Amino acid sequence: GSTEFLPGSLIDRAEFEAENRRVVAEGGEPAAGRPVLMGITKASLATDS
């Protein structure tokens, strides 16, 4: 919706919650998420650096 998140991506929980909370004001379209499980190789290849 208004969360500029590509559907089907993987997003860190803290950032997702922060963005949804910032968008709840002056808006009405929070994004929806579902918990996911990742391995120790694809979880360490998805780092920010």
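Parameters and conventions
- Residues numbered from 1 in each chain as written, not as in the entry; some residues may be left out.
- Part of a larger assembly, values for the part shown.
- Heavy atoms only, no water.
- Helix = DSSP H or I, 4+ residues; strand = E, 2+ residues; numbered from the N terminus.
- Areas by Shrake-Rupley, 256 points an atom, 1.4 Å probe, with all protein chains shown as cover.
- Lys, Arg positive; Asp, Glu negative; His and termini not counted.
- Charge placed at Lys NZ, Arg CZ, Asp CG, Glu CD.
- Salt bridge = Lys/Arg side-chain N within 4 Å of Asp/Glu carboxyl O.
- Buried < 20%, exposed > 50% of the residue type's maximum accessible area, 1.4 Å probe, protein only.

Method of determination, as given in the entry header: cryo-EM; reported resolution: 3.1 Å.

(A) Geometry of the overall build of the chain. Across its full length, the chain carries one helix and zero strands. Expressed as lengths along the three principal axes of its C-alpha atoms, the size of the chain is roughly 40 × 20 × 15 Å. Accessible surface, the chain as shown: approximately 4500 Å² in total, 57% of it carbon and sulfur. Both charge centroids of the chain, one from 5 positive and one from 8 negative side chains, sit 7 Å from each other.

(B) Just the pattern of salt bridges, in detail. Counted according to the given criterion, the structure contains two salt bridges. Taken together, the salt bridges that share partners define one network made up of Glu4, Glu19 and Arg22.

(C) Summary view of the environment of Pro35. In this fold, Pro35 is placed in the segment after α1 (13-24). When the C-alpha atoms of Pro35 and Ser9 are compared, they prove to be 12 Å apart, with 26 residues separating the residues in sequence.

(D) Region of interest: unusual backbone geometry. Of note, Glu4 is a non-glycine position whose phi angle comes to about 45°, a positive value. The topology assignment puts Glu4 in the segment before α1. On the basis of relative accessible area, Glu4 is assigned to the exposed category, the value being 55%. One non-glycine residue, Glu26, lies in the positive phi region at around 45°. With respect to the helices and strands, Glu26 occurs in the segment after α1.

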